[PDB]
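Asks: Got a structure here, written out as structure tokens. Questions coming.
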Amino acid sequence: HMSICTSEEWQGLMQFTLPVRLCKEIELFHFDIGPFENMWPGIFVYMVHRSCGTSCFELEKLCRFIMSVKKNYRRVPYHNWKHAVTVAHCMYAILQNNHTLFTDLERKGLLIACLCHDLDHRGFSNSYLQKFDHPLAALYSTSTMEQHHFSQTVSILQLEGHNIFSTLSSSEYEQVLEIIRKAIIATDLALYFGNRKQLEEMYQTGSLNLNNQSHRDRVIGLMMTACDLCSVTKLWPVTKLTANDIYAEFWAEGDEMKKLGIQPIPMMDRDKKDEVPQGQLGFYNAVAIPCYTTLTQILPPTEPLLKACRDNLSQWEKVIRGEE
Ligand SMILES: Cn1cc(-c2ccc(=O)n(C)c2)c(COc2ccc(-c3ccc4ccccc4n3)cc2)n1
Ligand SMILES: [Mg+2]
Ligand SMILES: [Zn+2]
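Start counting the sequence shown at 1000; every next residue gets the next number (this note's numbering).
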């Protein structure tokens, strides 16, 4: 049932040399991949090599993997390849900026997870599939997409000469699949709330054991979430336009409800175009900010996110107050 790259593709990738003027930008957290799509797969390669060295993965096997992923990403408005790479740029950006803090076995699993975390998004929400009534919410009951996202990671690696992690002990290979599993689950934004709760507390008290493997996992979780929402931390006009990407998908899904004579929540309702900056603001305030705060908290390097998170918020304010 899976989908796979061709010789042409992965050898085309294998060939890629990133242009020197980009080595500078890509290191900034606010960096936006949008203009340079051609390079998108190439870029992820660059970042693996910068993080994990050109000797962490068999290059043939890697490019093969990157592109087959690329194929299991649907041509949807927002939950698409462009997204996976944007997110995975952010996890990188993070990991570089906290270099001593994560194992080799960690940077890998994550940078990978970040690429895979929405594999085969059909553009609808968990709520959409659960509350009626896909063969996906018939088999995965909770975090539907998020486990599919992973079982879709799972299968990909199980494809011919794709298994990038063949160079590890069944104990490390199993370890990293379990690093991924968790890390990809983390992206169920619902889960972030109980997750960030703890992380506020264990900071408040200050009983947060970086040695404790279950504590540990949680920081990742927020990390994921942080990267997942990162579109908010790009410069105003990048964020501006990405908002229409989420809105296309949202309303598209609300239109599907409407076609059964069901009122979709005003978020997915396109006939409420105007309430958006109002909504967006709430989200920044209730969700984004508390998120990037607790982060900058645990990982002070991550400050520029929160800095730029605010700058956008500020702008949405303006747009409401009548100044855009
Ligand atoms: C799980 N999740 C990740 C993201 C997200 C959000 C923004 C963003 O830039 N990214 C990258 C990701 C979201 C919803 O974000 C939104 C949050 C809220 C609205 C909203 C809410 C209420 C509205 C009411 C009326 C009109 C428009 C309204 N609009 C839109 C998007 N849910
Ligand atoms: Mg997701
Ligand atoms: Zn996502």
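In this text, a Cβ means the ideal position worked out from N, Cα and C, and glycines have one as well.
Taking the alpha carbon of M1013 as the point to measure from, which residue in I1032, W1039 and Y1283 has its own alpha carbon closest?
Replies: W1039
Asks: Consider the C-beta atom of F1282 and the heavy atoms of ligand 1; say whether any pair is separated by less than 7 Å.
Replies: yes
Asks: Which of the three DSSP states is assigned to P1076 in this structure?
Replies: coil
Asks: What residue range does the alpha helix (DSSP H) around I1288 cover?
Replies: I1288 to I1297
Asks: Can the beta-carbon of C1089 be found closer than 8 Å to that of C1229?
Replies: In this structure, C1229 lies closer than 8 Å to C1089 by Cβ.
Asks: So within the stretch 1231-1315, which uninterrupted alpha helix (DSSP H) runs reach at least 4 residues, ignoring any that extend past its ends?
Replies: 1235-1257, 1275-1282 and 1288-1297
Asks: Just checking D1227 against ligand 2 - is the residue's beta carbon closer than 7 Å to any of the ligand's heavy atoms?
Replies: yes
Asks: Out of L1298, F1101 and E1105, point me to the one whose CA is closest to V1175's CA.
Replies: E1105
Asks: Go through its chain and collect everything with a Cβ distance to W1250's Cβ below 8 Å, but skip five positions before and after it.
Replies: The answer, listed in chain order, is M1267, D1268 and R1269.
Asks: Apart from the five residues on each side of it in sequence, which residues of its chain come closer than 8 Å, Cβ to Cβ, to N1071?
Replies: Same-chain partners within the cutoff: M1001, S1002, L1118, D1119, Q1151 and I1155.
Asks: Are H1161 and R1063 close, meaning C-beta to C-beta below 8 Å?
Replies: yes
Asks: Classify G1220: buried if its beta carbon has 16 or more other beta carbons within 10 angstroms, exposed otherwise.
Replies: buried
Asks: Cα-Cα, which of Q1277, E1059 and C1055 is closest to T1005?
Replies: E1059
Asks: Under the criterion of a Cβ to heavy atom distance below 7 Å, does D1103 qualify as lining ligand 3?
Replies: no
Asks: Taking its Cβ as the centre, do 16 or more other Cβ atoms sit within 10 Å of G1193, making it buried, or is it exposed?
Replies: exposed
Asks: Give me the Cβ distance between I1032 and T1085, rounded to the nearest whole Å; I'm assuming they're in contact under 8 Å.
Replies: 6 Å
Asks: DSSP on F1149, reduced to helix/strand/coil?
Replies: helix
Asks: Give, in chain order, every unbroken run of the alpha helix (DSSP H) that is at least 4 residues long and sits entirely within the stretch 1031-1100.
Replies: 1039-1051, 1058-1071 and 1080-1095
Asks: Tell me whether the stretch 1287-1296 and the stretch 1074-1084 touch, counting them as touching only if at least three CB pairs, one residue from each stretch, are closer than 8 Å.
Replies: Touching, no.
Asks: Could you pull out every residue in the same chain whose Cβ sits closer than 6 Å to the Cβ of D1244, ignoring the five residues on either side in sequence?
Replies: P1076 and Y1077
Asks: Would you kindly work out how many angstroms separate the C-alpha atoms of residue 963 and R1215, rounded to a whole number?
Replies: Beyond the ends of the chain as shown, which are 1000 and 1323, falls residue 963; an answer cannot be given.
Asks: In angstroms with no decimal places, state the Cα-to-Cα distance between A1137 and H1082.
Replies: 27 Å
Asks: Mapping the DSSP letters down to three states, classify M1001 as helix, strand or coil.
Replies: DSSP places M1001 in coil when its eight states are reduced to three.
Asks: Closer than 8 Å is the cut-off here; do at least three beta carbon pairs connect the stretch 1105-1115 with the stretch 1179-1191?
Replies: Segments in contact, yes.
Asks: Out of curiosity, what's the CA-to-CA distance linking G1052 and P1299?
Replies: 25 Å
Asks: Looking at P1265 and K1271, is the spacing between their C-beta atoms short of 8 Å?
Replies: yes
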